[PDB]
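Enquirer: Sequence isn't available, so here's the structure alone:
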Ligand SMILES: Nc1ncnc2c1ncn2[C@@H]1O[C@H](COP(=O)(O)OP(=O)(O)O)[C@@H](O)[C@H]1O
Ligand SMILES: Nc1ncnc2c1ncn2[C@@H]1O[C@H](COP(=O)(O)OP(=O)(O)O)[C@@H](O)[C@H]1O
Ligand SMILES: Nc1ncnc2c1ncn2[C@@H]1O[C@H](COP(=O)(O)OP(=O)(O)O)[C@@H](O)[C@H]1O
Ligand SMILES: [Mg+2]
Ligand SMILES: [Mg+2]
Ligand SMILES: [Mg+2]
């Protein structure tokens, strides 16, 4: 293969550690309320500004291949943490560096770094245990706004708006975040099954106020093929006029004589029908119409395999919806009836789809919003006066969102970094098997102090003074670095979801303790 | 052809030896419980971490073409050893370097390196004989867990889970290894003939609990062609309703009018049929349907050669299975009846296929799990908090698995480097034909000491003191380098499969003794 | 054309001689029992090691274009020798260098290098004459094993296995050599006409043991076209059931109604038929079916030109074979009856084809292997623990094979190099026409001493002492360089085929004596 070059021992370890230390030093300035932003040049456009540890970490590759190895591993931890939890990234980086440094330094000739890794992992199990003991599950929706506001770097309006969206859509409902055009944040809530397709003809309009087609207790007909009728529609219309309910028709298109029958029966003898084009496009539209089929009940017509033909319809082959509103641009269907079991099965199918599949073909999420819209969905249109502002802010909002979900699903624990600090005594009651493992437990014991000392150091204060003052102080009190003084933590609102504190530590220790095991490094020649 | 450059004798030999020594020095740090890991830069992704000798060896090519010649030969050794045995790679490397060095040093004028090669080969035959004498075939399934745990670098949970899988699937059954998404290891066991294809229609569902089609004592119909026509489907159903058993149908597809008959007779008579698509890849599906044919007892319809047509079926042309379960995604068939002779025939055929040169289109293994699945198969989903961890661990698990298979199929012998150490007296009772052969036997005699010296040296202790203390000590006792003291080897669980100890030595000596014969090296000019 | 640069006289001669001397010096280390190997870097893979003079010679091109001219001429010599004889390559190289040096040195102003060439050519004619006088044709098959073992550099097992294959296949039979996967050598012998195609239907099987169809005294039907019949098949069956003999059918394919007739007549009334696909590759299969036609006695049906149609058969248009065995994978036909004149005519045709057809679409040998000997064909599966070893050993066995064939077809003469040494007195009784020719005869006279002195020099001893000791000693005695002492040559088994000794010398002198005639050399600019 490619010509290569290799390096041995503490020299190579010092190189990789130089890379780790550089990347960590770049990431760590973002930490906490008094933390600061990092600008990253974009190749094509105007530069990014960010406070996100992981996005800083991903941006830094290094010319020196060994230092780049260190860097790659540290961004690996930060990325793993962002994927598994969505916050706690800077923390995962500073922990990873601490374990890597304190690890590397303790290595000698007699030492056994794999066994030291074993000791470290013992220490991490033991700490996350005590963390779970410390966790108190969230209750009041004030705590939600608190977790959001701290994860959003002190922006109260963010955690308020997140609290509102999470109330009105639910704690495990769908909230999504995107650019506003407004200079301010907006919360919009959609209910139903909305998609961007409108009536084919104006003649379908009934209300004259808004120019909408508005129906209730309606039927829905779903056709995967075009309907340029062979009069495959008429039984479907006779069945609708029979049970005196309005009919909405969704199809690849409604065309030719079909439409003529539709707006003749519409303009004359006032029949209640509307027809709209399928959401589109191509193979996606199949999945969408089958989604709406399963949600609203009934069955999709046209060729899948077993072909259900439009000539032979029955009322159990249509669909049933509480309400329908359609305009020139979009169509919304509301309170559609079908098997809820089948709906939760369906969303469980799409999430397990999207989760394994990775082309940034984001429509799989556009599916998920649609079929989950019968609880509701919230769109978070973030404001600001400029694209870069909008992107930084949106990074923070997404962080706070993921943080609130982690808080709701696992728990909350003390903020600042105190939650890890309180776990040290649990390490003090450990029973190491040998010197190596003892070294590992010592490494974790030192590493736990880091996040709090870093948040304080960013403030411009003597962080390690503050750590020890906190340790001397009672369990409920910690350091408010923004206010610049000690306070009850939970009362003042400084709290972190337990899941992120768990995952940052577990990932960071997980890769760094492996990094410390290295004795030989092999890299490509420039 | 290409312009070239040539070098003569011990000058060139010292260069090739420099390459050998570099690669060996890189590989050798991994050896034993106190061994250490090697990081390798990947071109596209985050870097590999490994303890595998062969994967370190393959990663190192060299700019200096002569040193690269040495390197290529040593990685040839490690790769051959990994292919033939699946462990014992680092050992093969350090052995190969020892034979290459001690070889090169002993050549002079008048010396006959070919004849010396003959002597070392004599010595290796003589060693492997005594190794086989030392071999004690495995008995208790504790010994399995011991071989696994030592080959997995002291991870007891690995050898436990391997012991469990090997118990529940059998010692020569199929175990495979794959990534978990879980942070912990999982053992899954599959029974049957599973493949990833589901019922064509929901209407086939029987239980409403799980939404499965569940059958017992059923027949199976196997069609290599599509089944659209009624004409070829109906007799197969009349014969099925005749003997009052459920029928599963596997086909390239089942569609047209056939499907309509299927879900009409399903919904009315309440006939017990299910239909599923063939596992489905071009020419592969033929081999799969032939597999299920042979397993379930019976024959495949459509065109091979002899075409048996679907219109003329007989009960002995179908298939017969104890149970069958189908879902939207997958189909499992269980306790299918056919000639065990013929299925063992099929498995003996596929292994002897796989054994040759169709490369890494590994569905050939996916076949083999299927037709061997009526004993069982085990999936080993290994955990960890990060991809690099998962890959290192999976390397170790695969090592331990191959090691356990080597143990069960051959014998087991003392661990550490002791198994080779005890063979030295067998060299002492040799009768060399001439000085050259005597030099060879001396080379092997020195080389046998090496693995123990390396395992001890990695521990941070005076390895060659330890070797001689071991030689002074009794046959049953050796050095526990992890615990840092001498112990009975077999009692403490430190044991190596004889196959790997045999293959490492045979390959290493095999290539290195050839390397020492070189007098002139010819390389391309830069 | 391309810009060029030219050089005049002994200056340029010294450069070309530098190239010759370099390549020769590289080649000559391989010579004799105490000879040594040469490693050659491969562009794509792991490096070759070889003891083959020609493979060393072809590997060396040179940057200096004049030296490269010399090198190209010497590798021309070694290649010509390898093509014409298959051994004696190193010898041809050192001879060529000796003639080139001794040639170049003796030229002056008054000298006439063309006439000197005439003199050396006289001397070599006179030498090969006396060589043919010395030749004693091979008799005992011990001598075969001796020639093989010596040409294989002392590996007795090689010459044993070659002796066995040559006994069991005949002295002018077909032996071929290829890689084993086994660690040891294997001799396999195939008899018949085997090819890799199996019965179209399992129903054709006769013996439940092995699952074969076994026939004797059978007919053969050969169809170049498909038999989807049309029932052009039936007369061929009526004619077979008439004379109560089994029928094997070879065709492009046999299927449609034909196959149905075949397996109905097989499964009900106990008719003895099999049908198998043509060996099958486009235009190749045509030639193969014509081969089997000619061997089994009878004719191929379908389109050549004159079309013989399947409807009009006669028993003399079929084929007749002593025995036939068919399986799922392969078909073997044995003791087929036809004109031996016509078959040897056919073999004489294909050899004269392949010989001119520099195509490396080498299946023409697969043809030659198919149209079988007398006594059969032998496959030599060479073992070893590694690919490079296998390539070395296979090079040596190919050498020994070619050497044994040269021995049986021309003769054997004294080994060591003595055979050329004994020819010197024949030169002493020559009658040179002029000084130039006398110089030529002197050149050959010195050159004859070289191979023996070189084999001794590789041993580490005073080669030129040994040559003169040999010359003072009797005709039957020479130097055993492996045992390191003088012995009866033929008695100790050290012998060389006369053909290789002839061809090495003739080629070497042939090219080198032309090289010495040069006065100006013209080369391209870098
Ligand atoms: N006023 C505050 N006082 C003390 N700690 C705070 C305060 N505000 C935020 N933090 C801490 O800052 C950390 C979050 O830092 P942040 O910049 O979001 O990095 P990350 O991306 O790792 O979450 C949390 O652990 C939280 O406890
Ligand atoms: N505690 C121990 N004491 C002594 N030898 C050990 C111990 N653990 C493992 N070994 C030895 O280490 C060797 C395995 O080393 P390993 O890193 O797997 O190299 P390889 O990949 O070449 O097998 C085995 O020969 C085993 O006997
Ligand atoms: N034991 C021996 N004693 C003396 N000469 C030997 C012995 N073994 C081989 N030879 C000589 O070595 C020569 C063969 O050398 P080899 O390496 O095969 O060169 P080539 O490839 O040109 O044939 C033969 O001429 C043979 O006589
Ligand atoms: Mg954050
Ligand atoms: Mg191992
Ligand atoms: Mg030879």
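Expert: All right, it came through fine. Numbering: from 1, shown residues only, chains lettered A, B, ... in the order given. Ligands and ions are numbered 1, 2, ... in the order given.
Enquirer: How about the contacts made by the residue nearest to residue A:410 when sequence neighbours are not counted?
Expert: The shortest distance from residue A:410 to any non-neighbouring residue, by CB to CB, 6 or more residues apart in numbering or on different chains, is to residue A:499 (4.0 Å). Every residue, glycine included, has its C-beta placed from N, CA and C. For residue A:499, the contacting residues are A:85, A:406, A:407, A:409, A:410, A:411, by CB atoms under 8 Å, 6 or more residues apart in numbering or on different chains.
Enquirer: next one: phi and psi at the residue in the stretch 51-200 of chain A that ligand 6 sits nearest to?
Expert: Residue of the stretch 51-200 of chain A nearest ligand 6, by CB to the ion: residue A:65 (48.5 Å). Torsion angles at residue A:65 (phi, psi; degrees, to the nearest 10) stand at phi -60, psi -30.
Enquirer: In this structure it contacts residue B:39, no?
Expert: No: in this structure residue A:65 lies outside contact range of residue B:39 using CB atoms under 8 Å: 10.9 Å.
Enquirer: Counting neighbours, go ahead and name the busier of these two.
Expert: residue B:39 (29 against 21; other CB atoms under 10 Å in any protein chain shown).
Enquirer: and the more buried one, how far is that from residue A:69?
Expert: Distance of residue B:39 to residue A:69, given as CB to CB, to the nearest Å: 6 Å.
Enquirer: which residues are common contacts for the two?
Expert: With CB under 8 Å, 6+ apart, residue B:39 and residue A:69 have common neighbours A:16, A:521, B:47.
Enquirer: And the residues you listed, which of them are buried?
Expert: A:16, A:521, B:47 (16 or more other CB atoms under 10 Å in any protein chain shown).
Enquirer: In the stretch 351-500 of chain A, what residue comes closest to ligand 6?
Expert: For the stretch 351-500 of chain A, CB to the ion, closest residue to ligand 6: residue A:436, 59.3 Å.
Enquirer: and that residue, what is it in contact with?
Expert: A:111, A:112, A:113, A:115, A:116, A:118, A:119.
Enquirer: In chain A, where's the longest strand?
Expert: strand A:213-223 (DSSP state E).
Enquirer: contacting residues around the residue in the stretch 301-450 of chain A that ligand 4 sits nearest to?
Expert: Residue nearest to ligand 4 within the stretch 301-450 of chain A: residue A:399 (4.6 Å; CB to the ion). Residues near residue A:399 by CB under 8 Å, 6+ apart: A:52, A:86, A:87, A:151, A:152.
Enquirer: Verify the stated contact: the second one with residue A:407.
Expert: No: with contacts defined as CB under 8 Å, residue A:86 does not count as touching residue A:407, sitting 11.2 Å away.
Enquirer: So for the two, which sits in the more crowded spot?
Expert: Set residue A:86 next to residue A:407 and count neighbours by other CB under 10 Å: residue A:407 wins out with 28 against 23.
Enquirer: quick one, what contacts the residue of chain A found nearest ligand 5?
Expert: Chain A approaches ligand 5 most closely through residue A:114 (13.4 Å), counting by CB to the ion. Shown in contact with residue A:114 (CB under 8 Å, 6+ apart): A:517, B:33, B:34, B:35, B:36, B:37, B:153.
Enquirer: Please parse chain A into its domains.
Expert: Using curated CATH domains, the domain parsing of chain A gives A:1-136+A:412-526, A:137-191+A:375-411, A:192-374.
Enquirer: Is the longest one in proximity to ligand 2?
Expert: No: using CB under 6 Å from any ligand atom, domain A:1-136+A:412-526 stays clear of ligand 2, coming no nearer than 10.6 Å.
Enquirer: if you look at that domain, does any of it touch ligand 4?
Expert: Yes: counting by CB under 5 Å from the ion, contacts between domain A:1-136+A:412-526 and ligand 4 involve residue A:87.
Enquirer: Could you pull out the strands in the stretch 401-526 of chain A for me?
Expert: A:412-414, A:477-480, A:485-488, A:495-497, A:518-524 (DSSP state E, counting those that start in this stretch).
Enquirer: before we move on, what about the stretch 101-250 of chain A?
Expert: According to DSSP E, counting those that start in this stretch, the strands that the stretch 101-250 of chain A contains are A:174-179, A:186-190, A:194-195, A:213-223, A:227-228, A:247-251.
Enquirer: Next, the buried residues of the longest one.
Expert: Buried residues in strand A:213-223, defined by neighbour count with 16+ other CB under 10 Å: A:213, A:214, A:215, A:218, A:219, A:220, A:221, A:222, A:223.
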